[PDB]
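To start, the structure itself, in structure tokens.
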Amino acid sequence: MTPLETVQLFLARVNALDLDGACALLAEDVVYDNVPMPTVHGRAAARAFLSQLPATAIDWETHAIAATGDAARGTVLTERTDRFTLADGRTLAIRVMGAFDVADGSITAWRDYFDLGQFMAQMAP
């Protein structure tokens, strides 16, 4: 898989509500950097972060995706709106751009860029 294909597969698996399978594509020691939040290290901790918000529906819209590098290694840039519905009916739509470093079909780092104030406002009941 190319870097681009790896990230497309990651995002598809998230959108298929398959968070385990999505996180399998993250390196065991992935650096997961939500830029305005504390950094998460490792696959297991990334998987835990992704389930801190209990969602019943998830739709991460990819507006644009493009990669640097070559067929084996590169950085994939994404422009997204991450939509989700929580158990309680809270609906969120977080505008975010993300950079994913990929080597040989594994995401070694994931850096997401968004405004935390907006995220918090949307989480407010």
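Following the order of the structure tokens, chains are lettered A, B, ..., residues in each are numbered from 1, and ligands are numbered from 1.
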Exercise: stretch 37-52 of chain A partners within 8 Å, only C-alpha atoms, chain neighbours under 5 positions left out, as a ChimeraX atom specification: /A:19-20,23-24,26-32,116
List every residue of chain A that DSSP, applied to the backbone, labels as helix (DSSP H, G or I), and write the result as a VMD selection string. chain A and resid 3 to 15 19 to 24 43 to 50 116 to 123
Residue with smallest distance to residue A:104 - pool A:8, A:117, A:3, A:16, counting only C-alpha atoms: A:3
Long-range neighbours of stretch 85-87 of chain A as an MDAnalysis selection string, 8 Å cut-off, only C-alpha atoms, 6 positions minimum in chain: chainID A and resid 53:58
Run DSSP on the backbone and give me the residues of chain A it puts in strand (DSSP E), as a count of residues only. 59
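Distances here use only C-alpha atoms; by that measure, the residue among A:107, A:17, A:66, A:97 closest to residue A:79 is A:97.
Closest approach to residue A:118 among A:65, A:12, A:60, A:36: A:36, based on only C-alpha atoms.
Using only C-alpha atoms, the shortest contact distance between residue A:72 and any of A:105, A:100, A:94, A:35 is found at A:105.
With only C-alpha atoms as the basis for measurement, A:34 is the residue among A:34, A:75, A:68, A:91 that approaches residue A:115 most closely.
Distances here use only C-alpha atoms; by that measure, the residue among A:62, A:108, A:15, A:2 closest to residue A:77 is A:62.
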